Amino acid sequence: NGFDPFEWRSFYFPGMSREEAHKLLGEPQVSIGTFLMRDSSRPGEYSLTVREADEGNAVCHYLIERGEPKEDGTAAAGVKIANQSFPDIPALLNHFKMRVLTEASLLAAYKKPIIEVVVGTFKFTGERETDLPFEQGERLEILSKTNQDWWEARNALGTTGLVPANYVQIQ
């Protein structure tokens, strides 16, 4: 369909708050069915945020709770939204392509607009887990000019992270 449930980490926004998600997904040009994942205010949980209507209640949030892992260590903990259990997060996301959460189904992953297109001028291995490693000559899309030194970038795969401004050049 409109997204690959197995690649959900590419529509996951670790830095984003509930309030920022609500604002972004609530913007007038955002189509119903647009969604993203992010961290919950609850430790070790995820939140799914979805534009489900035009006239409020426009934007809804769902706690994705992790269940109890089997004691053998040979079956990862399942996952739950409300009182529906799923073997994993991709299974959960797939399920809501064709079934509604509250008012709408998941149609398309939210994507930030491109500020500019750049290419890597040097190789970048990354320094922190928040960074986006890239190759020299690699094409990236800049999503945010955070500060003068570090910019939020997105690679061809859809993976997002910070990159040094002095390592990229307008394409």
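Numbering starts at 1 and runs along the sequence shown.
Peer 1: Comparing 96-104 with 69-77, which stretch shows the greater average C-alpha B-factor in the deposited entry?
Peer 2: Comparing 96-104 with 69-77, the higher mean C-alpha B-factor belongs to 69-77.
Peer 1: Taking only the CA atoms, which stretch has the higher mean B-factor in the record, 14-22 or 159-167?
Peer 2: Higher of the two, by average CA B-factor, is 14-22.
Peer 1: Just grab whichever of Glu135, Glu45, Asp131, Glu141 has the top CA B-factor as deposited.
Peer 2: Max CA B-factor in the entry, restricted to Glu135, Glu45, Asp131, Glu141: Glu45.
Peer 1: Using the B-factor values recorded in the entry, state whether the Cα atom of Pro28 falls in the lowest, middle or highest third among the modelled residues of its chain.
Peer 2: It belongs to the middle third of the chain when residues are ordered by C-alpha B-factor.
Peer 1: Classify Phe3 as lowest, middle or highest third according to the C-alpha B-factor given in the PDB entry, relative to its own chain.
Peer 2: Highest third of the chain for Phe3's C-alpha B-factor.
Peer 1: What third of its chain, lowest, middle or highest, does the C-alpha temperature factor of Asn57 fall into?
Peer 2: Highest third, going by the recorded CA B-factors of the chain.
Peer 1: Could you say whether, by C-alpha temperature factor, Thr125 belongs to the lowest, middle or highest third of its chain?
Peer 2: Within its chain, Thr125 is a middle-third residue by C-alpha B-factor, going by the deposited values.
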